[PDB]
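Asker: Quick one: this structure, given as structure tokens, is what I'll be asking you about.
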There are 2 protein chains.
Amino acid sequence: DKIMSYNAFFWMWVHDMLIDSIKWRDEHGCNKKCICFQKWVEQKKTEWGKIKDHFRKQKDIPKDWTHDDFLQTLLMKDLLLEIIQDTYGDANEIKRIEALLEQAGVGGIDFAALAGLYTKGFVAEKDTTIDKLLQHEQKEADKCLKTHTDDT
Amino acid sequence: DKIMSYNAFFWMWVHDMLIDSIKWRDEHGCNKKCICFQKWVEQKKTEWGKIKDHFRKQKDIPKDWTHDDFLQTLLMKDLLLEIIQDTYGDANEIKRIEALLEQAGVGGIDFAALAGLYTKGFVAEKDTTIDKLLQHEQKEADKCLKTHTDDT
Ligand SMILES: [Cl-]
Ligand SMILES: [Cl-]
């Protein structure tokens, strides 16, 4: 059953994944908890592998054309504006520049619109932020079960 | 005479350009001023055209290889993190997630490092944020000289 689009789902899963990870750090009898947390890291590892398999498989489609090019155009505009904003000025300056550009008929920064670039290209990558966090999660789970022995 | 690298210069010029534009809006006898401002828009138009000519010419170099690929890797990481940060949570959440990623050995968002992607690809674009602002500047200059007639 396909409930929603994989693009919409991907971002939901990634976000949910991150806030769940943060919630686990707060949680950390300190053995039953770490066994539940290991199980969860394993679960997320499995789902993530499937996410990757899915996007890796959906790379054979030729389709869209102008959309891929439109995303490049947006990426250029966003990179220019973002880089300037992140390396120059204070809040007042950043605001005045946004206004200047809006008054000139130039949309402000909008990275969300570039989402397709990530889901299309992360599969060509060797490692990924999520893969890295999952490994870190695993190493966290391991160090916890080694230190905290409660299961009698 | 080449004083500095074109990449470093480009970003300086773009930024300087933007804050000069803002300073002009504040400025706006309202004829001598608009003639100085037109002249300036013409000047910047000329410099920008030369900037484009330069980067358009410097597109024949095969060189770097891994650097181009490294930028793609960074673009993926930055897009993931940025998009999540821009579509989810409050300040506290965004901060906790940054910490989570840092504690997991994942650098935070850094678009400045992707500067090469803009200077390499903006030349393939039909229109550009700067081109758009310059046109807007010109139209501003024009509407000012039409309304404010002082030169007797
Ligand atoms: Cl642009
Ligand atoms: Cl990534």
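Going by the structure tokens order, chains are called A, B, ..., each with residues numbered from 1, while ligands are numbered from 1 in the order shown.
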What do you get as a VMD selection string if you pick all residues at most 10 Å from ligand 1, counting only C-alpha atoms and all ligand atoms?

Answerer: (chain A and resid 73 to 81 106) or (chain B and resid 118 to 119 121 to 123 125 to 132)

Asker: Would you kindly return, as number ranges by chain, each protein, DNA or RNA residue with an atom no farther than 10 Å from any atom of residue 144 of chain B, considering only C-alpha atoms and excluding same-chain residues fewer than 6 positions away?

Answerer: B: 28, 30-31, 33-35, 37-38, 138

Asker: Those residues with N, CA and C atoms, as an mmCIF file, in the first residue's frame please?

Answerer:
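Generated file (result-v6.cif):
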data_model
loop_
_atom_site.group_PDB
_atom_site.id
_atom_site.type_symbol
_atom_site.label_atom_id
_atom_site.label_comp_id
_atom_site.auth_asym_id
_atom_site.auth_seq_id
_atom_site.Cartn_x
_atom_site.Cartn_y
_atom_site.Cartn_z
ATOM 1 N N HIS B 28 17.306 58.331 -1.636
ATOM 2 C CA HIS B 28 16.041 58.705 -2.255
ATOM 3 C C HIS B 28 14.877 58.385 -1.328
ATOM 4 N N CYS B 30 16.791 66.539 -6.297
ATOM 5 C CA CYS B 30 16.511 65.112 -6.462
ATOM 6 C C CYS B 30 16.671 64.712 -7.937
ATOM 7 N N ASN B 31 17.551 65.429 -8.633
ATOM 8 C CA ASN B 31 17.846 65.185 -10.042
ATOM 9 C C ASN B 31 19.342 64.935 -10.213
ATOM 10 N N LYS B 33 21.162 63.882 -7.985
ATOM 11 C CA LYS B 33 21.312 62.628 -7.269
ATOM 12 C C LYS B 33 20.952 61.461 -8.183
ATOM 13 N N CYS B 34 19.819 61.570 -8.877
ATOM 14 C CA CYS B 34 19.375 60.511 -9.785
ATOM 15 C C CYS B 34 20.213 60.355 -11.043
ATOM 16 N N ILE B 35 21.011 61.370 -11.351
ATOM 17 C CA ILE B 35 21.899 61.302 -12.500
ATOM 18 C C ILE B 35 23.169 60.578 -12.043
ATOM 19 N N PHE B 37 23.122 58.373 -9.723
ATOM 20 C CA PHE B 37 22.675 57.024 -9.485
ATOM 21 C C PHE B 37 22.454 56.180 -10.745
ATOM 22 N N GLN B 38 22.152 56.882 -11.823
ATOM 23 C CA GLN B 38 21.981 56.251 -13.082
ATOM 24 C C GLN B 38 23.377 55.830 -13.524
ATOM 25 N N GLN B 138 17.918 50.220 -13.063
ATOM 26 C CA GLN B 138 17.759 51.040 -14.249
ATOM 27 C C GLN B 138 16.358 51.639 -14.331
#

Asker: Give me, please, the distance in Å between atom CA of residue 44 of chain B and atom CA of residue 91 of chain A, quoted to one decimal.

Answerer: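 Interatomic distance, atom CA of residue 44 of chain B to atom CA of residue 91 of chain A: 25.6 Å.
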
Asker: DSSP on the backbone, then: every residue of segment 83-127 of chain A marked alpha helix (DSSP H), written as a ChimeraX atom specification.

Answerer: /A:83-87,91-103,115-121

Asker: Take the residues just selected and output them with C-alpha atoms as a compact mmCIF listing (two decimals), in the first residue's frame.

Answerer:
# COMPACT_ATOMS: atom_id res chain seq x y z
CA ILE A 83 26.32 32.51 0.81
CA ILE A 84 26.09 36.32 0.93
CA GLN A 85 23.69 36.13 3.87
CA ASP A 86 25.90 33.64 5.75
CA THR A 87 29.20 35.48 5.27
CA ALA A 91 20.19 41.00 11.08
CA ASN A 92 19.34 44.52 9.93
CA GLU A 93 21.49 44.22 6.79
CA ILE A 94 20.19 40.75 5.92
CA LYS A 95 16.64 42.10 6.25
CA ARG A 96 17.23 45.20 4.13
CA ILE A 97 18.80 43.07 1.40
CA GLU A 98 15.82 40.69 1.43
CA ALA A 99 13.53 43.71 1.03
CA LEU A 100 15.66 45.12 -1.78
CA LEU A 101 15.41 41.83 -3.68
CA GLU A 102 11.67 41.46 -3.05
CA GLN A 103 11.07 45.03 -4.27
CA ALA A 115 14.32 18.80 -2.24
CA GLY A 116 14.35 16.75 -5.44
CA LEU A 117 18.07 17.38 -5.82
CA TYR A 118 18.82 15.53 -2.63
CA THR A 119 16.58 12.50 -3.17
CA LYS A 120 17.95 12.25 -6.70
CA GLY A 121 21.63 12.53 -5.80

Asker: Which distance in Å separates atom CA of residue 40 of chain A and atom CA of residue 14 of chain A, to one decimal?

Answerer: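 Computing the Euclidean distance for atom CA of residue 40 of chain A and atom CA of residue 14 of chain A yields 14.4 Å.
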
Asker: What's the 10 Å shell around residue 124 of chain B, counting only C-alpha atoms, without same-chain residues fewer than 5 positions away, as a VMD selection string?

Answerer: (chain A and resid 72 to 73) or (chain B and resid 56 59)
